[PDB]
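Here is start_32.cif, consisting of mmCIF, C-alpha atoms:
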```cif
data_work
loop_
_atom_site.label_atom_id
_atom_site.label_comp_id
_atom_site.auth_asym_id
_atom_site.auth_seq_id
_atom_site.Cartn_x
_atom_site.Cartn_y
_atom_site.Cartn_z
CA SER P 939 33.92 -17.17 4.71
CA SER P 940 33.51 -17.94 0.99
CA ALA P 944 24.95 -22.05 3.67
CA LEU P 945 22.76 -20.40 6.31
CA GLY P 946 19.66 -20.89 4.19
CA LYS P 947 17.58 -22.34 7.01
CA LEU P 948 18.09 -19.16 9.01
CA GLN P 949 17.51 -16.93 6.00
CA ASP P 950 14.21 -18.61 5.16
CA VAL P 951 12.53 -17.86 8.48
CA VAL P 952 13.53 -14.21 8.17
CA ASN P 953 12.22 -14.05 4.61
CA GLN P 954 8.89 -15.72 5.45
CA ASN P 955 8.14 -13.30 8.28
CA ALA P 956 9.00 -10.25 6.17
CA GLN P 957 6.95 -11.52 3.22
CA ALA P 958 3.97 -11.91 5.54
CA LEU P 959 4.33 -8.51 7.18
CA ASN P 960 4.48 -6.87 3.76
CA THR P 961 1.36 -8.66 2.57
CA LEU P 962 -0.41 -7.40 5.68
CA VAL P 963 0.37 -3.75 4.91
CA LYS P 964 -0.30 -4.08 1.18
CA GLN P 965 -3.89 -5.01 2.04
CA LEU P 966 -4.57 -1.54 3.46
CA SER P 967 -4.99 -0.43 -0.13
CA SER P 968 -7.74 -2.70 -1.41
CA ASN P 969 -11.40 -1.74 -1.70
CA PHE P 970 -13.03 -5.11 -1.03
CA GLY P 971 -15.97 -3.67 -2.96
CA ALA P 972 -16.10 -0.06 -1.84
CA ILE P 973 -15.69 3.29 -3.52
CA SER P 974 -12.14 3.84 -2.25
CA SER P 975 -9.56 2.55 0.22
CA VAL P 976 -9.41 5.75 2.29
CA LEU P 977 -11.76 6.57 5.14
CA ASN P 978 -11.20 10.28 4.54
CA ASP P 979 -12.69 9.73 1.08
CA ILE P 980 -15.81 7.90 2.20
CA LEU P 981 -16.20 10.30 5.11
CA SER P 982 -14.73 13.40 3.50
CA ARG P 983 -17.49 12.81 0.97
CA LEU P 984 -20.48 10.89 2.32
CA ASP P 985 -23.21 11.12 4.96
CA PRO P 986 -23.18 9.21 8.26
CA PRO P 987 -25.77 6.76 6.85
CA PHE M 347 -31.72 24.60 -23.51
CA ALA M 348 -30.56 21.64 -25.59
CA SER M 349 -32.43 18.61 -26.94
CA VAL M 350 -32.42 15.30 -25.06
CA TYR M 351 -30.87 13.31 -27.90
CA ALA M 352 -28.02 15.78 -28.42
CA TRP M 353 -27.37 17.02 -24.91
CA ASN M 354 -24.86 19.71 -24.33
CA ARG M 355 -21.53 19.30 -22.59
CA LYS M 356 -19.82 22.20 -20.82
CA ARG M 357 -16.46 21.45 -19.22
CA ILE M 358 -16.27 23.64 -16.13
CA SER M 359 -12.62 24.14 -15.25
CA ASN M 360 -10.30 25.88 -12.77
CA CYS M 361 -12.55 28.24 -10.81
CA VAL M 362 -14.15 28.79 -7.40
CA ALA M 363 -17.33 26.70 -7.35
CA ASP M 364 -19.98 27.46 -4.73
CA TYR M 365 -22.46 24.60 -4.70
CA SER M 366 -24.24 26.24 -1.78
CA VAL M 367 -26.00 28.82 -3.97
CA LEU M 368 -27.23 25.78 -5.85
CA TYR M 369 -28.08 23.55 -2.92
CA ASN M 370 -30.17 26.08 -1.03
CA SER M 371 -31.84 27.84 -3.94
CA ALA M 372 -35.09 25.97 -3.25
CA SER M 373 -36.05 26.53 -6.88
CA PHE M 374 -34.98 23.01 -7.86
CA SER M 375 -37.55 20.26 -7.82
CA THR M 376 -34.90 17.54 -7.74
CA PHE M 377 -31.38 17.69 -6.30
CA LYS M 378 -29.87 14.25 -5.82
CA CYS M 379 -26.21 13.65 -5.11
CA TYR M 380 -24.73 10.19 -5.55
CA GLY M 381 -21.01 9.94 -5.11
CA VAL M 382 -21.07 12.57 -2.40
CA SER M 383 -23.74 14.09 -0.17
CA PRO M 384 -24.51 17.71 -1.09
CA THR M 385 -23.33 19.69 1.94
CA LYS M 386 -19.73 18.46 1.60
CA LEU M 387 -19.31 19.75 -1.95
CA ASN M 388 -18.03 23.15 -0.83
CA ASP M 389 -15.16 21.41 0.97
CA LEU M 390 -13.67 19.18 -1.73
CA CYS M 391 -11.54 19.61 -4.85
CA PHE M 392 -11.47 17.68 -8.13
CA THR M 393 -9.80 17.85 -11.54
CA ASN M 394 -12.73 18.60 -13.83
CA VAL M 395 -16.47 19.17 -13.50
#
```
Entire entry expressed as structure tokens:
Amino acid sequence: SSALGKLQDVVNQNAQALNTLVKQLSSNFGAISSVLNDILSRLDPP
Amino acid sequence: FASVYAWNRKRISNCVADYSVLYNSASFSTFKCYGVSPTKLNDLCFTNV
């Protein structure tokens, strides 16, 4: 009422991984943008 | 026109730009578009041309 770190750590690890997964949807990896509506909404099919 | 070593620089601004009258004028010997293919110009908006 005033220690559950082993239970807190497995929650934290899973959330830290799920956030890293979503934060990767905003990297270019060597492209002109991160949005498909910007490569498409401004680029030919080739 | 202007020399090649002191080119001009006009800052087109808030307006209604119709790149179709350009694209289809057939008077141009060279019309290359790099960031964006030409036909999709009349469907996008920027900050400054």
Next on the checklist: I need the chain P residues near chain M as an NGL selection string; criterion: at most 9 Å, counting all atoms listed in the file.
Outcome noted: :P and (973 or 980 or 982-985)
C-alpha atoms of the current selection, written as a compact mmCIF listing (two decimals), in the frame of the given file:
```
# COMPACT_ATOMS: atom_id res chain seq x y z
CA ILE P 973 -15.69 3.29 -3.52
CA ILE P 980 -15.81 7.90 2.20
CA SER P 982 -14.73 13.40 3.50
CA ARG P 983 -17.49 12.81 0.97
CA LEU P 984 -20.48 10.89 2.32
CA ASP P 985 -23.21 11.12 4.96
```
Next on the checklist: Would you compute the distance between CA of residue 376 (chain M) and CA of residue 352 (chain M)? Give it in Å to one decimal.
Outcome noted: 21.9 Å
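Interatomic distance, CA of residue 987 (chain P) to CA of residue 368 (chain M): 22.9 Å.
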Checklist entry - What is the CA of residue 969 (chain P)-CA of residue 981 (chain P) distance in Å, reported with one decimal? => result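 About the pair CA of residue 969 (chain P) and CA of residue 981 (chain P): they are 14.6 Å apart.
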Checklist entry - Hey, what's within 12 Å of residue 367 (chain M) if we count all atoms listed in the file and toss same-chain stuff fewer than 3 positions away? As a list in words, please? => result residues 363, 364, 370, 371, 372, 373, 374, 384, 385, 387 and 388 of chain M
For region 967-976 of chain P, I'd like the enclosing box, axis-aligned and padded by 8 Å on every side, reported as JSON with centre and edge lengths in Å to one decimal.
```
{"center_x": -10.5, "center_y": 0.3, "center_z": -0.6, "size_x": 27.1, "size_y": 26.9, "size_z": 21.8}
```
